[PDB]
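Close look at the chain arrangement
Take a look at the letters that make up each chain.
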Amino acid sequence: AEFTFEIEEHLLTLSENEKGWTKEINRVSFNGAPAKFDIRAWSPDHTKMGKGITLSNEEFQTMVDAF
Amino acid sequence: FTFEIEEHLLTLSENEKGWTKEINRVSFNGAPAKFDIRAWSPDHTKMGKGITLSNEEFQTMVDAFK
């Protein structure tokens, strides 16, 4: 379909708000591509995805070697 | 809404259209700046999809991988 996604692995929860939504760092596949680092808000059951950013392994490593 | 990039911290990549994916400190609606990762047009007058992280959220993350 116009886009598909899958949380392959959960790495870290950064926070949660009053409504149960969580901000998370996961490994997520989009449109059947190899999973990538993904930072974004998720609903309690993870069926709605909020604003966020997807990072390639190279970028993510850059960020971590950066800071 | 209003917004200002108060500090440019890092560029993660750029595309053929000249747009960049960056980590900045960005103020929204007059609020204290927060960490912000998203795609910016070349002149930074248009942004793409991204997220904003509180100071405690960004620090939570950096600790976990290093």
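Scope of this entry: the structure provided in the associated data block.

Analysis parameters
- Residues numbered from 1 in each chain as written, not as in the entry; some residues may be left out.
- Chains lettered and ligands numbered in written order.
- Heavy atoms only, no water.
- Salt bridge = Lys/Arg side-chain N within 4 Å of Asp/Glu carboxyl O.
- Helix = DSSP H or I, 4+ residues; strand = E, 2+ residues; numbered from the N terminus.
- Buried < 20%, exposed > 50% of the residue type's maximum accessible area, 1.4 Å probe, protein only.

**Remarks on the pattern of salt bridges**
Pairs may arise between side chains of opposite charge once their charged atoms sit close together. Throughout the structure, instances matching the rule amount to three salt bridges over all chains. The salt bridge involving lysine 23 of chain A is made with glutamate 57 of chain B; its shortest N-O contact spans 2.4 Å. Of the two residues, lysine 23 of chain A is situated in strand β2 (residues 22-30) and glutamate 57 of chain B in helix α1 (residues 55-65); the pairing between them involves two chains. On the basis of relative accessible area, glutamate 57 of chain B is assigned to the buried category, the value being 10%. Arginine 38 of chain B is paired through a salt bridge with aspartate 36 of chain B; the nearest N and O atoms lie 2.8 Å apart. As far as the burial class goes, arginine 38 of chain B and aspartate 36 of chain B line up, both buried.

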